[PDB]
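**Student:** Sharing structure-v3.csv below, CSV, C-alpha atoms:
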chain,number,residue,atom,x,y,z
I,1,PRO,CA,-79.2,-6.9,-5.3
I,2,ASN,CA,-78.4,-8.3,-8.7
I,3,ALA,CA,-76.4,-5.4,-10.1
I,4,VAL,CA,-74.3,-4.4,-7.1
I,5,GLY,CA,-73.6,-7.7,-5.3
I,6,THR,CA,-72.6,-9.0,-1.9
I,7,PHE,CA,-69.4,-7.3,-0.6
I,8,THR,CA,-67.3,-7.7,2.5
I,9,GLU,CA,-67.0,-4.8,4.7
I,10,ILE,CA,-63.5,-4.3,6.0
I,11,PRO,CA,-62.8,-1.9,8.9
I,12,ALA,CA,-59.9,0.4,8.1
I,13,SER,CA,-57.4,0.1,11.0
I,14,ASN,CA,-56.4,3.3,12.8
I,15,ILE,CA,-52.8,2.5,11.7
I,16,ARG,CA,-53.9,2.4,8.1
I,17,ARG,CA,-56.3,5.4,8.6
I,18,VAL,CA,-53.6,7.7,9.8
I,19,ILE,CA,-51.4,6.5,7.0
I,20,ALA,CA,-54.1,7.2,4.4
I,21,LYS,CA,-54.8,10.6,6.0
I,22,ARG,CA,-51.2,11.6,5.7
I,23,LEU,CA,-50.8,10.2,2.2
I,24,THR,CA,-53.9,12.3,1.2
I,25,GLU,CA,-52.6,15.6,2.6
I,26,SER,CA,-49.3,14.8,0.9
I,27,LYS,CA,-50.7,14.0,-2.5
I,28,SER,CA,-52.6,17.3,-2.2
I,29,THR,CA,-49.7,19.5,-1.0
I,30,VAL,CA,-46.7,17.8,-2.4
I,31,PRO,CA,-46.0,18.0,-6.2
I,32,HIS,CA,-44.3,14.6,-6.2
I,33,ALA,CA,-41.7,14.1,-8.8
I,34,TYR,CA,-40.2,10.7,-9.9
I,35,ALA,CA,-36.8,9.7,-11.4
I,36,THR,CA,-35.2,6.4,-12.5
I,37,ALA,CA,-31.7,5.2,-13.0
I,38,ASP,CA,-30.0,1.8,-13.4
I,39,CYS,CA,-26.6,1.0,-11.9
I,40,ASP,CA,-24.0,-1.9,-12.0
I,41,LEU,CA,-23.9,-4.0,-8.9
I,42,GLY,CA,-22.0,-6.9,-10.6
I,43,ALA,CA,-18.6,-6.1,-9.2
I,44,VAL,CA,-20.5,-5.0,-6.1
I,45,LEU,CA,-22.2,-8.4,-6.0
I,46,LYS,CA,-18.7,-9.9,-6.2
I,47,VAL,CA,-17.9,-7.7,-3.2
I,48,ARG,CA,-20.9,-9.3,-1.5
I,49,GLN,CA,-19.6,-12.8,-2.2
I,50,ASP,CA,-16.3,-12.1,-0.5
I,51,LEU,CA,-18.0,-10.4,2.5
I,52,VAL,CA,-20.0,-13.6,2.9
I,53,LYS,CA,-16.8,-15.1,4.3
I,54,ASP,CA,-17.8,-13.1,7.4
I,55,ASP,CA,-20.4,-14.3,9.7
I,56,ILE,CA,-22.8,-11.4,9.2
I,57,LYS,CA,-25.0,-11.8,6.1
I,58,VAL,CA,-25.1,-8.5,4.2
I,59,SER,CA,-27.6,-7.5,1.5
I,60,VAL,CA,-27.6,-5.0,-1.3
I,61,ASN,CA,-30.2,-2.7,0.4
I,62,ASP,CA,-27.3,-2.0,2.8
I,63,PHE,CA,-25.2,-0.7,-0.1
I,64,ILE,CA,-28.1,1.4,-1.4
I,65,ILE,CA,-28.6,2.8,2.1
I,66,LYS,CA,-24.9,3.6,2.7
I,67,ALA,CA,-24.8,5.1,-0.8
I,68,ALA,CA,-27.8,7.3,0.0
I,69,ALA,CA,-26.0,8.5,3.2
I,70,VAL,CA,-22.8,9.1,1.1
I,71,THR,CA,-24.7,11.1,-1.6
I,72,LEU,CA,-26.8,13.1,0.9
I,73,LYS,CA,-23.6,13.7,3.0
I,74,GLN,CA,-22.1,15.0,-0.2
I,75,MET,CA,-25.3,16.7,-1.4
I,76,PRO,CA,-27.3,17.6,1.7
I,77,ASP,CA,-29.5,19.9,-0.5
I,78,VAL,CA,-31.4,16.7,-1.4
I,79,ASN,CA,-31.9,15.9,2.2
I,80,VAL,CA,-34.2,18.5,3.8
I,81,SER,CA,-37.2,18.8,6.0
I,82,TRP,CA,-40.3,20.6,4.6
I,83,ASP,CA,-42.4,22.1,7.4
I,84,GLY,CA,-45.1,24.4,6.2
I,85,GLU,CA,-43.2,27.0,4.3
I,86,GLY,CA,-39.5,26.6,4.4
I,87,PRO,CA,-37.2,23.8,3.7
I,88,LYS,CA,-35.3,22.5,6.8
I,89,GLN,CA,-31.8,21.3,5.9
I,90,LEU,CA,-30.6,18.5,8.0
I,91,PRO,CA,-26.9,17.7,8.0
I,92,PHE,CA,-28.1,14.6,9.9
I,93,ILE,CA,-28.8,11.5,7.8
I,94,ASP,CA,-31.8,9.5,9.0
I,95,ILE,CA,-32.6,6.5,6.8
I,96,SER,CA,-36.1,5.0,6.7
I,97,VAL,CA,-36.1,1.4,5.5
I,98,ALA,CA,-39.3,0.0,4.1
I,99,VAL,CA,-39.9,-3.6,5.3
I,100,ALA,CA,-42.9,-5.7,4.1
I,101,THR,CA,-44.8,-7.8,6.6
I,102,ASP,CA,-48.3,-9.2,7.2
I,103,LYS,CA,-49.2,-6.0,9.2
I,104,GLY,CA,-48.3,-3.8,6.2
I,105,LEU,CA,-45.1,-1.8,5.5
I,106,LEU,CA,-43.0,-0.9,8.6
I,107,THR,CA,-40.6,2.0,8.3
I,108,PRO,CA,-37.8,1.5,10.9
I,109,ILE,CA,-35.6,4.6,11.2
I,110,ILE,CA,-31.9,4.1,11.2
I,111,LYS,CA,-30.4,6.8,13.5
I,112,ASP,CA,-27.3,8.5,12.2
I,113,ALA,CA,-26.5,5.8,9.7
I,114,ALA,CA,-24.2,8.2,7.9
I,115,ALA,CA,-21.5,7.6,10.5
I,116,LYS,CA,-22.1,3.8,10.9
I,117,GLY,CA,-20.0,1.2,9.2
I,118,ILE,CA,-21.3,-1.3,6.6
I,119,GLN,CA,-21.2,-4.3,9.0
I,120,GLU,CA,-23.2,-2.2,11.6
I,121,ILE,CA,-25.5,-1.1,8.8
I,122,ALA,CA,-26.4,-4.7,8.0
I,123,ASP,CA,-26.6,-5.8,11.6
I,124,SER,CA,-28.8,-2.7,12.2
I,125,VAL,CA,-31.2,-3.5,9.3
I,126,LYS,CA,-31.4,-7.0,10.8
I,127,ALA,CA,-32.1,-5.7,14.3
I,128,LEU,CA,-34.8,-3.4,13.1
I,129,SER,CA,-36.0,-6.4,11.0
I,130,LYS,CA,-36.5,-8.5,14.1
I,131,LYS,CA,-37.9,-5.5,16.2
I,132,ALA,CA,-40.3,-4.8,13.3
I,133,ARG,CA,-41.5,-8.3,12.8
I,134,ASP,CA,-42.2,-9.1,16.5
I,135,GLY,CA,-43.9,-5.8,16.8
I,136,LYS,CA,-41.6,-4.5,19.5
I,137,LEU,CA,-40.9,-1.2,17.8
I,138,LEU,CA,-42.4,2.0,19.3
I,139,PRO,CA,-43.9,4.7,17.0
I,140,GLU,CA,-40.9,7.1,17.1
I,141,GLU,CA,-38.6,4.5,15.7
I,142,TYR,CA,-41.0,4.5,12.7
I,143,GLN,CA,-40.8,8.3,12.7
I,144,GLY,CA,-38.5,11.3,12.3
I,145,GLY,CA,-36.3,9.9,9.5
I,146,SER,CA,-34.8,12.4,7.1
I,147,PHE,CA,-35.8,10.3,4.2
I,148,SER,CA,-36.9,6.8,3.1
I,149,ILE,CA,-35.5,3.9,1.1
I,150,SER,CA,-37.5,0.9,-0.1
I,151,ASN,CA,-36.8,-2.0,-2.5
I,152,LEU,CA,-39.6,-3.9,-4.2
I,153,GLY,CA,-37.0,-5.7,-6.4
I,154,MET,CA,-36.8,-8.6,-4.0
I,155,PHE,CA,-40.3,-9.4,-5.2
I,156,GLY,CA,-41.1,-7.9,-8.7
I,157,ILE,CA,-42.6,-4.7,-10.2
I,158,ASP,CA,-39.6,-3.8,-12.5
I,159,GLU,CA,-40.7,-0.2,-12.3
I,160,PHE,CA,-42.7,1.3,-9.5
I,161,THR,CA,-43.9,4.7,-8.3
I,162,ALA,CA,-44.3,5.3,-4.5
I,163,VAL,CA,-45.9,8.0,-2.4
I,164,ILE,CA,-43.6,10.3,-0.5
I,165,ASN,CA,-44.2,10.3,3.3
I,166,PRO,CA,-44.2,13.8,4.7
I,167,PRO,CA,-42.6,15.7,6.1
I,168,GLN,CA,-40.0,14.0,3.9
I,169,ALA,CA,-39.0,15.2,0.5
I,170,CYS,CA,-37.6,12.0,-1.0
I,171,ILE,CA,-37.9,8.2,-1.1
I,172,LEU,CA,-35.9,5.6,-3.0
I,173,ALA,CA,-37.7,2.8,-4.8
I,174,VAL,CA,-35.4,0.0,-6.1
I,175,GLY,CA,-36.3,-2.5,-8.7
I,176,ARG,CA,-35.0,-5.8,-10.2
I,177,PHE,CA,-31.9,-6.6,-12.2
I,178,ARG,CA,-32.1,-6.1,-16.0
I,179,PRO,CA,-29.7,-7.7,-18.5
I,180,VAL,CA,-28.6,-4.3,-19.6
I,181,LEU,CA,-25.9,-4.3,-22.2
I,182,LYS,CA,-22.5,-2.8,-22.0
I,183,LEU,CA,-20.8,-3.0,-25.5
I,184,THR,CA,-17.9,-5.1,-27.0
I,185,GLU,CA,-15.0,-4.5,-24.7
I,186,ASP,CA,-12.2,-3.9,-27.3
I,187,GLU,CA,-12.8,-1.2,-29.9
I,188,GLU,CA,-11.3,-3.5,-32.5
I,189,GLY,CA,-12.4,-6.7,-30.8
I,190,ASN,CA,-14.7,-9.7,-31.6
I,191,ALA,CA,-16.3,-9.9,-28.1
I,192,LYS,CA,-19.9,-10.2,-28.8
I,193,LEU,CA,-22.5,-8.2,-27.1
I,194,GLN,CA,-23.2,-8.8,-23.5
I,195,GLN,CA,-26.2,-8.1,-21.2
I,196,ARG,CA,-25.5,-7.6,-17.5
I,197,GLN,CA,-27.8,-7.4,-14.6
I,198,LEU,CA,-28.3,-3.7,-13.6
I,199,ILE,CA,-30.2,-2.8,-10.4
I,200,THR,CA,-32.9,-0.1,-10.7
I,201,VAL,CA,-33.3,2.8,-8.3
I,202,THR,CA,-36.4,5.1,-8.5
I,203,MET,CA,-36.1,8.5,-6.9
I,204,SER,CA,-39.3,10.1,-5.7
I,205,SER,CA,-39.0,13.8,-5.1
I,206,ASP,CA,-41.1,16.9,-4.6
I,207,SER,CA,-40.8,19.3,-7.5
I,208,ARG,CA,-41.2,22.3,-5.1
I,209,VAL,CA,-38.4,21.3,-2.6
I,210,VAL,CA,-36.2,19.2,-4.8
I,211,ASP,CA,-34.7,20.8,-7.9
I,212,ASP,CA,-34.6,18.7,-11.2
I,213,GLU,CA,-30.8,19.1,-11.3
I,214,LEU,CA,-30.6,18.4,-7.6
I,215,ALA,CA,-32.3,15.0,-8.0
I,216,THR,CA,-30.3,14.5,-11.2
I,217,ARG,CA,-27.0,14.8,-9.3
I,218,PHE,CA,-28.5,12.7,-6.5
I,219,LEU,CA,-29.2,9.6,-8.7
I,220,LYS,CA,-26.2,10.6,-10.9
I,221,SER,CA,-23.5,10.6,-8.2
I,222,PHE,CA,-25.6,7.8,-6.7
I,223,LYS,CA,-24.8,5.6,-9.8
I,224,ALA,CA,-21.3,7.0,-9.7
I,225,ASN,CA,-20.8,6.1,-6.0
I,226,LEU,CA,-22.3,2.6,-6.9
I,227,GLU,CA,-20.1,2.3,-9.9
I,228,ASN,CA,-17.5,1.7,-7.2
I,229,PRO,CA,-17.8,1.4,-3.3
I,230,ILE,CA,-14.4,3.0,-2.8
I,231,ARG,CA,-16.3,6.2,-3.6
I,232,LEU,CA,-18.8,5.1,-1.0
I,233,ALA,CA,-16.1,4.4,1.6
Take the structure in the file and write it out as structure tokens.

**Tutor:**
Amino acid sequence: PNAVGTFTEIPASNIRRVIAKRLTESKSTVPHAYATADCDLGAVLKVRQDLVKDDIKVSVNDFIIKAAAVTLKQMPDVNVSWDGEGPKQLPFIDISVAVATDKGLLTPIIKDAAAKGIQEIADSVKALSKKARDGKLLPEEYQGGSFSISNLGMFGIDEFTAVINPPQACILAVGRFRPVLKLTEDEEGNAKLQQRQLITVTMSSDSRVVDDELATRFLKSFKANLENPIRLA
């Protein structure tokens, strides 16, 4: 009728219905907490430019991933499995990459990426990228990761808040590049004031499991590890 209008009915797919069910129980149980930090990829983008001499294309999400494995390998306290009661500390680094498709967001799990090289990390993200787009992947390769990493910065949404996917205590949401300003170089110098592109990384964390200082060191030594890859190597 006139007030309420003609709609279209959409059936919620089982895939989406399970997703919504889980996200609901998580929103209820998990006191989600979010953090934000902005780091310098400029010299790292340069690193990318050289690596482009090689015949595998590598992206920045690969750096964010390897840096998450390096930070969690340094701080495993951030990487834990919450089941019911107790935190489950996993020395094993399982990375869940969020890829956008027409079917919705696929979460291919990278097994043991902590011990894998950069080249193999890129070729791996590409492999799971194919396997995820042709729909080959089985459920378990979408499952069991120790944490998740997602970048919406290859689209927009300068800042974003995500919903943690249980039983995982953290997810990384990455944004765009901002002309953030480092000062005049020389303390006595002319050198006028200079914006540089700085990538954004948003840390989602459960207040219960994750400790404020725990996440603070996670994104902190995360920005530090990114302030040079030699710290990532």

**Student:** Figure out the distance between CA of residue 166 (chain I) and CA of residue 101 (chain I), please, to one decimal in Å.

**Tutor:**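 Separation between CA of residue 101 (chain I) and CA of residue 166 (chain I): 21.7 Å.
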
**Student:** Distance CA of residue 216 (chain I)-CA of residue 35 (chain I), one decimal place?

**Tutor:** 8.1 Å

**Student:** So how many Å separate CA of residue 208 (chain I) and CA of residue 226 (chain I), to one decimal?

**Tutor:**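 It comes out at 27.4 Å.
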
**Student:** Which one is closest to residue 202 (chain I): I:152, I:80, I:181, I:98? Count all atoms listed in the file.

**Tutor:**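 For residue 202 (chain I), the nearest of the given residues is I:152.
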
**Student:** Skipping near chain neighbours, those fewer than 6 positions away, what residues fall within 10 Å of residue 121 (chain I) using only C-alpha atoms, listed as a list in words?

**Tutor:**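 The contact residues come out as residues 58, 59, 61, 62, 63, 65, 66, 110, 113, 114, 115 and 127 of chain I.
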
**Student:** For residue 22 (chain I), which residue out of I:167, I:229, I:139, I:179 is the nearest one, using only C-alpha atoms?

**Tutor:** I:167

**Student:** Rank nothing, just name the residue among I:220, I:212, I:99, I:42 nearest to residue 126 (chain I), using all atoms listed in the file.

**Tutor:** I:99

**Student:** Rank nothing, just name the residue among I:11, I:104, I:87, I:175 nearest to residue 197 (chain I), using all atoms listed in the file.

**Tutor:**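 Selected residue with least distance to residue 197 (chain I): I:175.
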
**Student:** Would you mind listing what lies within 10 Å of residue 209 (chain I) as a ChimeraX atom specification, with all atoms listed in the file counted and same-chain residues fewer than 2 positions away left out?

**Tutor:** /I:30-32,77-82,86-88,168-170,205-207,211-212,214
